[PDB]
Amino acid sequence: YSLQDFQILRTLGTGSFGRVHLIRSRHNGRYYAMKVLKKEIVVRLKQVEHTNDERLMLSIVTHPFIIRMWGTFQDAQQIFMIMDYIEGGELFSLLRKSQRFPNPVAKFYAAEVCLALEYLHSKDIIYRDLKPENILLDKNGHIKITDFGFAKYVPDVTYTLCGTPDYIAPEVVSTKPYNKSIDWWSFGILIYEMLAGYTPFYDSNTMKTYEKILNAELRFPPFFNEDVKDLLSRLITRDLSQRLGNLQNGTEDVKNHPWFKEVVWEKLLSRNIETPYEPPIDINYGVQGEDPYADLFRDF
């Protein structure tokens, strides 16, 4: 893969480390998104590691519902990340534009997220940053989990406290070692938000938030059907001996919850099912003097 192997079409957005672009392969006329990161910056911001670790993760994970990176490459001043081109937007803005989601819609999305989590987990890889913001929807309405900046290969336990305040689990707020089960806590919060419009322990200020998370009652809105109320009740628990996903049968207990009875995990996993919504219709790359950073962006 090379910069001449494609033809830039337009800027899709402006990241902190640089733009990203809409590109067409000039070999098969396929589309991708070029995420460009200026090395000069990545390092000014002491963000080298975080950047390489994402590339690795993306190199060792393949799933219908996990975004794909077909490759990288770099010139003398920035790295390039060729990635799936997702048409459809982010589950977050879809949510806000419609206050709350209804049981089945939420159920669908949860089901696909469950599947990718099942995968990641079966390889001792935990995600760690489950928000509606990192879930993108592609043209046909399916899901694509993005940003694997916080995913780590965790065979036993880990420590690093990261993620997003509301969707975070207790054992992380209070610096304890944790396995992949935090992912199930966050999963429960994603579901609560798709159905309520808000997170359960929200609070404009951070610590006030780590507070409730740590010491607050889980109260459900009335229209919540029992099932969801039960699932969320098992998912969003503070005691890991009872939290779904961390039990004798791992993912199976989540996949087998009543709330997911009419779900053929097999049909869904093949994208051979129907979707509840289909989304609708300087810059000097190539330069190459000396690169003081090469030593750090070698795998690219």
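Note that chain A carries Swiss-Prot numbering, so the residues on display, from first to last, are 82-362, 379-397.
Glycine residues also receive a Cβ, built from the backbone N, Cα and C atoms like all the rest.
Record features (Swiss-Prot):
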type: DOMAIN; residues: 87-341; note: domain 'Protein kinase'
type: BINDING; residues: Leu93, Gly94, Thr95, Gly96, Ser97, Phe98, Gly99, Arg100, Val101, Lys116; note: ATP binding site
type: ACT_SITE; residues: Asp210; note: active site, proton acceptor
Problem - Cα separation of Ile362 and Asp379 (whole Å), the pair that brackets 16 residues absent from the deposited model - result: 29
Exercise for the section: Within 10 Å of each Cβ, count the other Cβ atoms, then let me know which of the binding-site residues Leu93, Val101 comes out lowest. Expected result: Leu93
Fill in the blank from the handout: CB contacts under 8 angstroms to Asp210 (active site, proton acceptor), restricted to the same chain and 6+ apart in sequence, sorted by sequence, are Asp228, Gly230, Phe231, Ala232, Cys243, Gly244, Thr245, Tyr248
Exercise for the section: Could you tell me which of these binding-site residues, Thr95, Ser97, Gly99, has the greatest number of Cβ atoms within 10 Å of its own Cβ? Expected result: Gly99
Problem - For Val101 (ATP binding site), the three-state class that DSSP assigns - result: strand
Fill in the blank from the handout: Taking the centre of the Cβ atoms of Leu93, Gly94, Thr95, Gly96, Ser97, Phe98, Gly99, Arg100, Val101, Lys116 as the ATP site, the remaining residues of that chain with Cβ inside 8 Å are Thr92, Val117, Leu118
Exercise for the section: Please state whether DSSP places the residue listed as 'active site, proton acceptor' in a helix, a strand or coil. Expected result: coil
